[PDB]
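Worksheet: one structure, shown below.
Note that the numbering runs from 1 along the sequence shown for the chain. In listed order, ligands and their atoms are each counted from 1.
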Amino acid sequence: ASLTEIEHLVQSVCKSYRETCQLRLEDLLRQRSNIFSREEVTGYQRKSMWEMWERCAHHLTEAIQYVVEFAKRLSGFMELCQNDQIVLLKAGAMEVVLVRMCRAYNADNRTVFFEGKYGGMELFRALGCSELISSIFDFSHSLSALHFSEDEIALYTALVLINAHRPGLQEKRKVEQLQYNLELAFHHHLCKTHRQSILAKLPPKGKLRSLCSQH
Ligand SMILES: C[C@H]1O[C@@H](O[C@H]2[C@@H](O)C[C@H](O[C@H]3[C@@H](O)C[C@H](O[C@H]4CC[C@@]5(C)[C@H](CC[C@@H]6[C@@H]5C[C@@H](O)[C@]5(C)[C@@H](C7=CC(=O)OC7)CC[C@]65O)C4)O[C@@H]3C)O[C@@H]2C)C[C@H](O)[C@@H]1O
């Protein structure tokens with residue numbers, strides 16, 4: 001590929017992200033003022049783990065669907081054999097969900113957008129997995145510190161998915177070729193935007209992988 005083609009890849013990854021990002025960043029930021037009352041919090045805390053599980057599983061499944069749509073629009077992803085498409089989404093979709101969450105997270109008050117309003121980790125109490133929710137909130141907290149642009153998320157999450165080191169891949173060389181082009185697309189766009197500094201500030205490789213493992 002040439003540099004003009006990599007620019008086309010950047011714009012295309014950024015486009016596919018915008019068309020699949022679930023909620024507009026605009027709306028998410030506007031709603032930061034809209035916070036669950038103490039009574040609303042208590043309403044969530046009173047629900048059984050079973051109701052909370054059902055709701056959360058629904059929102060998660062929905063988010064994963066958007067991730068799958070995003071991957072399907074990535075260049076060459078549809079050209080991969082069905083086995084590798086599945087391998088890559090299985091290992092990487094949840095990781096993408098967790099990176100995308102940071103757009104919906106307000107570090108000023110450690111709250112997250114959930115079912116129309118912002119709420120803290122205590123909203124999820126009935127699930128009885130406070131270590132997990134706190135680790136999910138803390139990861140969003142550290143990502144929010146970097147002020148990820150929409151295009152940085154698009155390109156970074158394309159790379160979370162297109163990773164030739166996933167076990168079980170059958171056409172490893174094809175995935176590699178896609179990965180290298182996306183790596184150069186990312187580096188090149190950071191240089192275009194004077195954002196080279198975020199490279200050293202990214203989650204250490206394995207952090208994201210192990211947070212979704214025990215999940
Ligand atoms: C490990 C132990 O787990 C024990 O049960 C567990 C397991 O079954 C696992 C089970 O997973 C939950 C849990 O992970 C929490 C999880 O909670 C979900 C809802 C809350 C989330 C914080 C979270 C992460 C994505 C995040 C949502 C909130 C949404 O509004 C978003 C902000 C939304 C938006 C994005 C955007 O850009 O705009 C809006 C899309 C998704 C979103 O990014 C997923 O929902 C999942 C279903 O939690 C149970 C308690 C049993 C044993 O003790 C076992 O040994």
Side-chain angles (χ1 to χ4, degrees), residues 13-37 40-71 73 89-158 160-161 203 207-215:
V13 167
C14 293
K15 169 119 277 194
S16 310
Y17 179 73
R18 181 176 190 206
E19 293 172 328
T20 65
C21 63
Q22 206 177 335
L23 284 89
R24 278 156 45 68
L25 176 68
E26 193 82 306
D27 313 334
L28 283 166
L29 292 171
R30 151 161 49 73
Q31 307 257 49
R32 282 180 162 189
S33 96
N34 194 17
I35 298 145
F36 284 112
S37 72
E40 295 178 314
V41 171
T42 295
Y44 282 106
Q45 299 182 322
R46 283 228 279 162
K47 292 167 184 302
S48 54
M49 63 186 306
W50 288 104
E51 156 121 82
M52 273 312 268
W53 139 266
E54 278 183 28
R55 292 183 183 243
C56 295
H58 179 92
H59 306 307
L60 186 52
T61 300
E62 173 162 43
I64 284 161
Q65 187 58 62
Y66 284 95
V67 174
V68 173
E69 290 314 311
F70 167 74
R73 285 164 199 231
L89 287 161
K90 176 164 163 56
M94 264 303 310
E95 309 183 356
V96 175
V97 168
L98 290 181
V99 173
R100 289 176 160 217
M101 173 182 161
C102 75
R103 301 166 76 245
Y105 172 83
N106 178 183
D108 299 322
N109 61 2
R110 321 192 80 115
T111 61
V112 72
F113 182 90
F114 187 75
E115 291 184 355
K117 293 179 179 198
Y118 279 79
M121 63 176 286
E122 69 275 16
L123 221 63
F124 304 93
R125 188 204 272 164
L127 288 173
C129 59
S130 78
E131 330 181 36
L132 176 49
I133 280 131
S134 58
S135 95
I136 278 172
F137 269 60
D138 291 349
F139 176 70
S140 271
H141 207 262
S142 69
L143 271 196
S144 174
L146 315 205
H147 301 99
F148 255 171
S149 73
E150 290 290 271
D151 294 343
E152 291 156 1
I153 287 168
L155 295 158
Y156 178 61
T157 60
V160 170
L161 289 172
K207 170 98 156 298
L208 183 61
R209 199 220 75 247
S210 75
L211 167 49
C212 293
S213 289
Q214 154 272 335
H215 186 123

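- Under the 4.0 Å distance rule, the nearest protein heavy atom to atom 38 (O) of ligand 1 falls inside the cut-off.
- For ligand 1 and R100, the ligand atoms under 4.0 Å from any heavy atom of the residue are 37 (O).
- Side-chain atoms of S149 and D151 include no donor-acceptor pair closer than 3.5 Å.
- Rounding to the nearest 0.5 Å gives a distance of 14.0 Å between CZ of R46 and CE of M52.
- Note that atom 32 (C) of ligand 1 has protein non-hydrogen atoms nearby, at separations under 4.0 angstrom.
- Contact annotation: for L132 versus ligand 1, heavy atoms closer than 4.0 Å belong to the side chain alone.
- By the definition of a contact as any protein heavy atom under 4.0 Å away, atom 53 (O) of ligand 1 is not in contact.
- Regarding atom 17 (O) of ligand 1, its nearest protein heavy-atom neighbour is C56 CB, 3.7 Å.
- Under a 4.0 Å criterion applied to the non-hydrogen atoms of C129, ligand 1 contributes the atoms 50 (C).
- Relative to the six-membered ring of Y44, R55 misses at least one condition, a distance below 6.0 Å or an angle of at most 45° to the axis.
- Remark: ligand 1 atoms within the under-4.0 Å shell around heavy atoms of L28 are 38 (O).
- Checked by atom type and distance alone, the side chain of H59 never pairs as donor or acceptor with a backbone atom of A57 at under 3.5 Å.
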For a quick test of your reading: what N or O donor-acceptor pairs under 3.5 Å do the side chains of residues 25-36 make, sequence neighbours left out?
unit_1: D27; atom_1: OD1; unit_2: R30; atom_2: NH2; d: 2.5
unit_1: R32; atom_1: NH2; unit_2: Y105; atom_2: O; d: 3.2

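- Contact annotation for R103 and ligand 1: only side-chain heavy atoms (C-beta onward) come within less than 4.0 Å of the ligand.
- At a 4.0 Å cut-off, at least one heavy atom of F124 sits close enough to ligand 1 to count as contact.
- Interface of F113 with ligand 1, defined as ligand atoms under 4.0 Å from a residue heavy atom, comprises 28 (C), 29 (C), 30 (O), 32 (C).
- Looking only at distances, a side-chain donor or acceptor of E40 sits under 3.5 Å from a matching main-chain atom of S37.
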